[PDB]
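Below is one structure; the comments refer to it alone.
Neighbour counts are summed over all protein chains in view; Cβ atoms, including those assigned to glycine, are modelled from backbone coordinates with ideal geometry. Each reported figure results from applying straightforward, stated rules to the coordinates on display, with no laboratory input.
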There are 2 protein chains.
Amino acid sequence: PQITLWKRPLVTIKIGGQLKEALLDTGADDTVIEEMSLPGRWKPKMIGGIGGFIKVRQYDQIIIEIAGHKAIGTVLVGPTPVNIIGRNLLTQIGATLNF
Amino acid sequence: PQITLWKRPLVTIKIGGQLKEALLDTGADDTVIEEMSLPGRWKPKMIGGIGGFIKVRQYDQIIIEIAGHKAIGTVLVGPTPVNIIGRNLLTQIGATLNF
Ligand SMILES: CC(C)[C@H](NC(=O)COc1ccccc1)C(=O)N[C@@H](Cc1ccccc1)[C@@H](O)[C@H](N)[C@H](O)Cc1ccccc1
C-alpha cells in the first residue's frame, strides 16, 4: 500500500505465530520488538537510540509477516518503548519513501 | 523523488541559514536537530525513544527546506545523535511509504 504520515505508520505483524502492532520506522537500522517468548536461537547485543543504549536479544533468520508481506531476517527483542520495523526488514518488503 | 532503504535515508536540509544532513524518519513524531544557535523564544521539552529521554529546546514556526521542499513547523534542538526529520514535517513535503 501507500501510507501517508499524518498518523503513526502502525501495522499488524505476525511473529512467532502471534499478532502484534509495530511502527514502520525508516529511521531505524534494525527491527526491535518488545520482550516476548520467541522460537529461535539468540545472542546478547546492544543497540542505541535517541536516548542511549539498551541490551537486547538478537535473533537471526526469523520469519515475520509485516502488513501481510513476508520477511525473514534479524529481530532484536528487548525493552523498546514501541515495536519498530527497521530498514533491515523494510528493504525485504520493498518499502521506499516517496515525495 | 524515491528513496530506497538500503542505507540511511539522509538528505540535505537548510535550517537557520545552514546546510545539514538529516534522516527522513517515519518513526519520529517530531523533528530533532543537533545543537545550533537558532534565534528567538523556545520552550523546554523532553523527548524519548530507545535508551530514554533527552532534553531539547522547542522552537515553533521554523522555516526549513528538506531536499529542496519548503516546510515550516516545530523543530526540537538538542544533543541528538543524528538530525531527524519527523512526521510533523514529512507530511508537509508530501512524503509517503510505499510497498
Ligand atoms: C526521535 C524521537 C522523537 C522518536 N520518538 C518518537 O517519535 C516517540 O517516542 C516515544 C517514546 C516513548 C514512548 C512512546 C513514544 C524516536 O526515538 N524514534 C525512533 C523509533 C521509536 C523508538 C521508540 C519509541 C517510538 C519510536 C527512531 O525512528 C529514531 N528516530 C531513529 O532510530 C533515529 C536514530 C538513529 C540513530 C541513533 C539515534 C536515533
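To keep it simple, each residue is scored yes or no on (1) more than 11 Å from chain A (Cβ to nearest Cβ); (2) surrounded by fewer than 21 Cβ atoms within 10 Å (Cβ to Cβ).
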residue	(1), (2)
B:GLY16	yes, yes
B:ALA22	no, no
B:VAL32	no, no
B:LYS55	no, yes
B:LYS70	yes, yes
B:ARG87	no, no
B:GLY94	no, yes
B:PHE99	no, yes
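From the residues in the stretch A:75-85 that are more than 7 Å from chain B (Cβ to nearest Cβ) and among the β-branched types (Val, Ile, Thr), which one is farthest from B:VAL11 (Cα to Cα)?
So the first thing to find is which residues in the stretch A:75-85 are more than 7 Å from chain B (Cβ to nearest Cβ), and the list is A:75-79, A:82-83, A:85.
Next cut, among the β-branched types (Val, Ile, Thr) only: A:75, A:77, A:82, A:85.
Details: A:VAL75: 27, A:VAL77: 30, A:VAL82: 25, A:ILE85: 21 Å.
The qualifying residue farthest from B:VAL11 (Cα to Cα) is A:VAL77.
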Query raised in the report: So is B:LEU90 more than 11 Å from the ligand (Cβ to nearest atom) and over 13 Å from the mean Cα position of the chain (by Cα) or not?
Result: no
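Each row is one residue, and each column tells you yes or no for (1) within 17 Å of B:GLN92 (Cα to Cα); (2) within 9 Å of the ligand (Cβ to nearest atom); (3) part of a strand (DSSP E or B); (4) not hydroxyl-bearing (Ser, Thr, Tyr).
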residue: B:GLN58; (1), (2), (3), (4): no, no, yes, yes
residue: B:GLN61; (1), (2), (3), (4): yes, no, yes, yes
residue: B:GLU65; (1), (2), (3), (4): yes, no, yes, yes
residue: B:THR74; (1), (2), (3), (4): yes, no, yes, no
residue: B:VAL77; (1), (2), (3), (4): no, no, yes, yes
residue: B:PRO81; (1), (2), (3), (4): no, yes, no, yes
Report task. Go through (1) crowded, with 16+ Cβ neighbours inside 10 Å; (2) assigned to a strand (DSSP E or B) and name the single condition A:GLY27 misses. Result -> (2)
Query - All positions within the stretch B:9-57 that are in contact with a helix residue (DSSP H, G or I) (Cβ under 9 Å, 6 or more places away or on another chain) and touching a residue at least 60 places away in the same chain (Cβ under 8 Å) - result: B:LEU24, B:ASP25, B:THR26
Report task. Could you please let me know if B:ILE84 is on the phi < 0 side of the Ramachandran plot, more than 13 Å from the chain's Cα centre (by Cα) and among the β-branched types (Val, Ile, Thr)? Result -> no
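When you scan the stretch A:57-68, how many residues do you find that are exposed (fewer than 15 other Cβ atoms within 10 Å of the Cβ) and within 13 Å of chain B (Cβ to nearest Cβ)?
The initial filter retains those residues of the stretch A:57-68 that are exposed (fewer than 15 other Cβ atoms within 10 Å of the Cβ), namely A:60-61, A:68.
From the residues that got through so far, the ones that are within 13 Å of chain B (Cβ to nearest Cβ) too are A:68.
Selection size over the stretch A:57-68: 1.
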Query raised in the report: Any idea which residue in the stretch B:34-53 is farthest from the ligand (Cβ to nearest atom), counting only those that are within 13 Å of chain A (Cβ to nearest Cβ) and assigned to a loop (DSSP other than H, G, I, E, B)?
Result: B:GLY51
